[PDB]
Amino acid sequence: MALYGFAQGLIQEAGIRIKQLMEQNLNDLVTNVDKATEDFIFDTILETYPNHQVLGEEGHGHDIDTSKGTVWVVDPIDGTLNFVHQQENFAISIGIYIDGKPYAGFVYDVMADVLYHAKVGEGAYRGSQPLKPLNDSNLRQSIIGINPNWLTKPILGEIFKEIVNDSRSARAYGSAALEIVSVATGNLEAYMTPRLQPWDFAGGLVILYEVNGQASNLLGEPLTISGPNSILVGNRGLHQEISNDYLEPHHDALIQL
């Protein structure tokens, strides 16, 4: 219980620190702020909990057997390009796991000052408001998040062609944690990418699970924090439609990758 309180406090403080850094005005910046903020999160975690492991975008973590003890998986800036170009629409993602099992997840939209957070088996929240469980949708009646940049790619362009076609429309926001959360809130019916690192899904994942969401990789396998993977989330009915209807006919090509 104190763990959760400590982490929320941390992520908020991480927030203040990023906004402080964005002056500055009084591309090198993004990577500095990324390094500075991860050092801060990693340093604060060890200062109260030196038995915990931090798996970080900035090169903290390191073969960490992610199955043992308490593990923080953090991206102080999920949405690097948004940050450089829009100065907004990025998030700190933190997911906390214990004994290889998810415990809490936070994704915090720094500039909008919205924190999405969830504890396992206790519901998902936008600030103080509960998120409602997702309902099944039909793909044709569904909005999917997917970056236009993935359709340009050699193979893969072909494998996503159908799913973009039948879906109702498509969006792309450029921060994987927030898109994952967007599904949790029902603002997208599905989101997918061929490659994501665990620090960009660990937070989002736990939140989605609380609203009855559904996570896999493009081949239907479970997602774990042991490595990068492809992404297909969520909403039972429609995850089931995308995978195996549009996806298992490309089972072969996916596996080269």
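A residue's number is simply how far along the shown sequence it sits, counting from 1.
- Per-stretch averaging of Cα B factors for 233-241 and 17-25 places 17-25 on top.
- Annotation for 52-60 versus 184-192: the higher mean temperature factor (C-alpha) is found in 52-60.
- The entry lists C-alpha B-factors for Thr44, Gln197, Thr37, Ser67, and the highest of these is at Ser67.
- Highest CA B-factor among the listed residues (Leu139, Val110, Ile96, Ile155): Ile155.
- Per the deposited record, the Cα B-factor of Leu151 falls in the highest third when ranked against the other modelled residues of its chain.
- Ranked against the other modelled residues of its chain, the C-alpha B-factor of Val71 as given in the entry falls in the middle third.
- Ranked against the other modelled residues of its chain, the C-alpha B-factor of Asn89 as given in the entry falls in the lowest third.
- For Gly203, the recorded CA temperature factor ranks within the lowest third of the chain's modelled residues.
- Sorting the modelled residues of the chain by their CA temperature factor places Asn165 in the highest third.
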